[PDB]
Amino acid sequence: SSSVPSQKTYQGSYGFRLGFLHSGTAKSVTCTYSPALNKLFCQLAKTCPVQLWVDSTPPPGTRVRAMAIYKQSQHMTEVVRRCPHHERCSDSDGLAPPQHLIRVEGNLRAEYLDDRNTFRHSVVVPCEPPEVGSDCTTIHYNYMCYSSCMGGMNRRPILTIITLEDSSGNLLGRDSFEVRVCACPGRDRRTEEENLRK
Amino acid sequence: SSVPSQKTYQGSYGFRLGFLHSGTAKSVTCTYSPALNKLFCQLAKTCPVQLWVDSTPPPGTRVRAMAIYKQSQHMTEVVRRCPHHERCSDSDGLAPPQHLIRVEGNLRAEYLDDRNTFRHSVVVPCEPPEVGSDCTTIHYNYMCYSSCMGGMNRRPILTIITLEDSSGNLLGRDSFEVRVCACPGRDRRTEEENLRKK
Ligand SMILES: *c1ncc(C#N)nc1C
Ligand SMILES: *c1ncc(C#N)nc1C
Ligand SMILES: *c1ncc(C#N)nc1C
Ligand SMILES: [Zn+2]
Ligand SMILES: [Zn+2]
């Protein structure tokens, strides 16, 4: 039903790429990234830190956008949205529409887009230089449905596409990662990595 | 209701909170857990909170306190006193009976019912430390138990403390969880043991 945004990795002029913390797989972890799977595992509505790395500084007014798509070919034309249960939660922070799967945490300049032509959802923030004593910028994302939610993702894998954009929205860079939103991210990362090694 | 930001922000003046070291004896009425960033206190008892800055903010700076529910699914609900305690004859002459958080012993305290969000807050002028001291102390009271039915109803809350200029613009922000309970020392010990075992 909708055109599919590109997921092709594109570093661009500024050498744009993502990075992830090394959180491990203990029972207490709430967000953990698998480099072998290029896959983030996270709990519902919990902080997911994503690093933005560049080789050179983009202009003021550069923005960073996040959008989810279904990974599998037969589902990629379907808009990823919150399930019929969670979209009816009165849990908006006042910026995010209740249908949106991906939110930004702790940024009052976050903007949420419902695309008038494709109906896809995305959240965009200004790109900012690293804080004092840091080499990268970090964005905190929250995912507001479980991968297993019926009538929503319904156990289908998704990708998050992160795009670096100029102030008009033109593409400057692109990267992406798979996401599973689940109750036990550490256990599930261990299982999927063990499965991969066999 | 939209959700106030809880992001820690030291700002230009290096603003942050501090708490005295009270211990967990059975006789303690107010005790702070740094490991949990959580204050445990009895109903309507004095809670001293230290205000620290690295440099002096301008005259007319104010300090506001507001409570929100900690859990995502409840953050949009206004935190207020339960149907029982809002009808207690316990007015101090300044605080409206519906407000959970009071400032004790400050005749310049002002209480706000926000006309757009309906949230409650209490604000006082920010003052420099007394002679011989290095920080300023505010005394708060929490006027409902965490367990009160029809009020917090066993849901955790956060207190957000904001440093504001004379127009109400943000200069600094800090926050902490609160449990209002009959046995704060015992409950702090239990929750800290639970955290270690996790
Ligand atoms: C965005 N804007 C600026 C900078 C720098 N330096 N980095 C990003 C990711
Ligand atoms: C508020 N106003 C002034 C000062 C100083 N010095 N501190 C506060 C917390
Ligand atoms: C809870 N904690 C301490 C004490 C005392 N003394 N009593 C209770 C109920
Ligand atoms: Zn859902
Ligand atoms: Zn009550």
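When a ligand or atom number is given, it counts from 1 through the structure's own listing order. Numbered from 1 within each chain, the chains take letters A, B, ... in sequence-line order.
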Notebook entry, point to check: Any side-chain heavy-atom pair from B/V49 and B/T137 closer than 4.5 angstrom?
Noted result: no
Note to self: Go through it in stages, so that I can follow the logic: the residues are A/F177 and A/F20, the test is ring pair (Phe, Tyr, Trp, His ring centres under 6.0 Å), and I'd like the CA-CA distance, side-chain angles, deciding distance and then a yes or no.
What the structure shows: CA-CA 10 Å; A/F177 52 100; A/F20 301 85; 5.1 Å; yes
Next item on the list: Return yes when B/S27 approaches ligand 3 closer than 4.0 angstrom through a heavy atom, no otherwise.
Entry: no
Note to self: Please list, in number order, the atoms of ligand 2 under 4.0 Å from a heavy atom of B/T56.
What the structure shows: 5 (C), 6 (N)
Check: So do A/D114 and A/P97 actually touch side chain to side chain, heavy atoms under 4.5 Å?
Finding: yes
Checklist line | Qualifying salt bridge (charged side-chain N to carboxylate O under 4.0 Å, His left out) pairs, either residue in residues 85-96 of chain A, two or more places apart | finding: A/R82-A/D91, A/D91-A/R103
Notebook entry, point to check: Strictly under 2.8 Å, is any N, O or S atom of B/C144 next to the Zn ion (ligand 5)?
Noted result: yes
Note to self: List ligand 2 atoms under 4.0 Å from B/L51, heavy atoms only on the residue side.
What the structure shows: 9 (C)
Notebook entry, point to check: Nearest to the Zn ion (ligand 5), which N, O or S atom of B/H85 do we find?
Noted result: ND1
Note to self: Ignoring hydrogens, what is the shortest heavy-atom contact between B/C144 and B/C82? Give both atom names and the distance.
What the structure shows: SG-N, 3.3 Å
Next item on the list: Quick one: look at B/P57 and ligand 2, take heavy-atom pairs under 4.0 Å, and tell me if it's side chain, backbone, both or neither.
Entry: side chain
